[PDB]
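Examination of the molecular architecture
The lines below spell out each chain.
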Amino acid sequence: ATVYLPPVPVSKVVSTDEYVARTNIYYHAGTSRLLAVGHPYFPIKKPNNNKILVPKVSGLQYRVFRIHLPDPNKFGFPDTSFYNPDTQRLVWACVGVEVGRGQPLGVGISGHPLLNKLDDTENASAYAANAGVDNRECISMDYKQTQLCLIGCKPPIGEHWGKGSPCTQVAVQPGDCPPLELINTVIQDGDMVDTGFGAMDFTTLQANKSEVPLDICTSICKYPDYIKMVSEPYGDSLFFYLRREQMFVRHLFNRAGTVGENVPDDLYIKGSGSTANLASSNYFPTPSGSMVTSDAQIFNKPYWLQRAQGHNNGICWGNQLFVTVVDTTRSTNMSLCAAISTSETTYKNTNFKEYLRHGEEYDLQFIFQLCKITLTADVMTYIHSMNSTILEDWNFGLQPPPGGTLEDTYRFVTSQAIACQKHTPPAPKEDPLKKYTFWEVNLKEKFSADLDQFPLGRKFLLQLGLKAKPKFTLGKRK
Amino acid sequence: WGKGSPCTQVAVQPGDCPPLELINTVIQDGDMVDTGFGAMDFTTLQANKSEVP
């Protein structure tokens, strides 16, 4: 059809490793032990202060580790022999990772003493109420078994449903369904996972705001928006992911609440009674995650991240790693109580006062192969267009002007005065990376070279240097 | 997970959940496998001592 495009491009955005050469230098690193021990159901604030007493630590929450890295230039040089800051600049490629997650079993679990339910609609022996009071009961549920992992080098964008423009044109407003508008925004640490009831804010979307667990009520729930994140031709929001999840129907329930929206009335033959009316329609699945299978996991397995998708193919940009882990499969919840006295032979609510905690273990190990990027002036021309501040941070591709004069005017407002001057107003604010909540991970000083002392080093060699030294052991172990 | 020393965050007190503090020690003969509330002492942590078998 007539006559499109035919295309004149005429400049083209290129892949970033076609002039990149690897180096055989290997640095190892790894964390001491990541541990957070919190409350699974809800956060506990102190009863006399604003701040937390026990935070919320559940595996049904996004665990976002913000890994901040230096550059190799800003770090070690073994030997100088082909390295000139002129000819090339150096960049980290983390070529292997281990995500540790060996801990005891438990489940992620949430619940609400005011969880809505009319009757049971998996099967029913009677005819449900037209409206009624106090049809809500203490029910608890997990949202679904959720394993996901994704690794990137820029903050990762999730989708959620926000409260859009209430229409007067489509007549979408409260007293009828609220509006839903799909808004992308960045996912956080302590951001909630998808509830099986859509991934959405429920703070302004729920005007009862006791329909569901309270932890999601106040927070935004998000689903990783995979399709937009790989649409990006740079591919630095993410470059690996996998997931495993399970949700089957534990039982259908009906939400108490009747619609104030129209129902056609040619779809049922009117009866006699209140069976010449339709009762509640607002049916929901209740999620399930009953069967734990700790034989299958997407964890306790290294992630060999030797290359990346996109124009990026194993170069950290922004010198960042963003890793999002949700794991509900082995996430231990523990039970204990404190006694008021063991002399009292009761087991009241104020005697032995029951409790539950959650203990959450992860561990991160790295191995970093060195790389170099040859820079010619045309290569620099693209890299500044890609983000000038790479060239700045390295401090090659910045040599000068700019600028840097003039002038200071004066002469003279000493005396007088206009007023007076003043100087000079320097924040807000760096940094734009940290403008969102994260499990802060400094990695800038744990760089090594050992590979036979870390077990991660030994498994790496088993793939690579060949080396390890292997069996391991084998043959036969079942 | 052992019984911990009292912290600000969580202390060994009525009205307040005890801290869980990690004790590593060698596997005894006849030591139990997990419960599904994990590896912990329950002798001390469960004051009531009637929550689990």
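Residues numbered from 1 in each chain as written, not as in the entry; some residues may be left out. Chains lettered and ligands numbered in written order. Part of a larger assembly, values for the part shown. Heavy atoms only, no water. Residues with missing side-chain atoms left out of burial classes, pairs and counts.

A short note on the overall build of chain B
Rule in force here: Elements are defined by DSSP. Helices are runs of H or I of four residues or more, strands are runs of E of two residues or more, and each kind is numbered from the N terminus.
Scanning chain B from N- to C-terminus turns up zero helices and two strands. With the principal axes as the frame, chain B shows a C-alpha extent of 35 × 25 × 15 Å.

Some points on the interface of chain B and chain A
Buried accessible area, meaning the area lost when the parts come together, often serves as the stated size of an interface. Rules: Whether two residues touch is decided by their heavy atoms; if any such pair falls within 4.5 Å, the residues are in contact. Residues are grouped as follows: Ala, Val, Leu, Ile, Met, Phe, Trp, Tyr, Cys and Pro are nonpolar; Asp, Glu, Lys and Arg are charged; every other residue, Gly included, is polar.
Each side of the interface is counted separately: chain B has seven residues, and chain A has eight residues. In terms of residue class, the side of chain B that touches chain A is made up of four nonpolar, three polar and no charged.

Focus on the pairing of strand β13 (residues 221–224) of chain A
All names here are of chain A. Let me state the cut-off plainly: Strands are treated as partners if at least two bridges between them are detected by DSSP.
Bridge count for strand β10 (residues 157–162) against β13 is two bridges, and the pairing is antiparallel. Looking at β13, one finds that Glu 159 is bridged to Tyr 223. Here two bridges tie strand β12 (residues 192–193) to β13, and the two strands are oriented parallel to one another. What sits directly across from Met 192, in β13, is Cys 221.

A closer look at the sheet that holds β13 of chain A
Across the sheet, four strands lie side by side as β11-β10-β13-β12 (chain A); this open sheet has mixed pairing. Each edge of the sheet is formed by a strand with only one pairing partner; in this case those strands are β11 (181–186) and β12 of chain A.

Quick word on unusual backbone geometry
All names here are of chain A. With an omega of -25°, the peptide bond between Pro 402 and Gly 403 qualifies as cis. Summarising the element assignment, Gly 403 is placed in the loop between α4 (389–394) and β21 (439–442). With an omega dihedral of 0°, the bond running from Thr 405 to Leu 406 counts as a cis peptide bond. Relative to the assigned elements, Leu 406 resides in the loop between α4 and β21. Of note in this structure, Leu 466 is not a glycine but carries a positive phi near 85°. The backbone of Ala 468 sits at a positive phi, close to 140°, despite the residue not being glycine. Within the element layout of this structure, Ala 468 appears in the segment after α5 (455–463).

Describing the pairing of strand β18 (residues 320–327) of chain A
All names here are of chain A. Where strand β5 (residues 63–68) lies against β18, six bridges are found, and the strand directions are antiparallel. For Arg 66, the partnering residue across the bridge sits in β18 and is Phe 322. As defined by bridge partners, strand β9 (residues 145–152) adjoins β18 across six bridges and the pair is classed as antiparallel. Residue pairing for β18: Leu 150 is matched across the bridge by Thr 324.

Structural notes on the sheet that holds β5 of chain A
Residues and elements named next belong to chain A. Heads up, the rule is: Angular values range over 0 to 180 degrees, each being the angle between N-to-C directions of two axes fitted as lines to C-alpha atoms, with helices fitted over their stretch in contact.
Taken in spatial order, the five strands make up an open sheet running β14-β9-β18-β5-β21, and their pairing is mixed. Each edge of the open sheet carries a strand with a single partner, namely β14 (240–246) and β21. Mean inter-strand twist for the sheet, computed between neighbouring axes without regard to direction, equals 15°.

Thoughts on the environment of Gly 235 of chain A
With respect to the helices and strands, the residue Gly 235 of chain A is situated in the loop between α2 (226–231) and β14. Considering only alpha carbons, one finds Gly 235 of chain A and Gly 310 of chain A, 75 residues apart in sequence, at a separation of 4.4 Å.

Remember, this is a structural readout, not a statement about activity or role.
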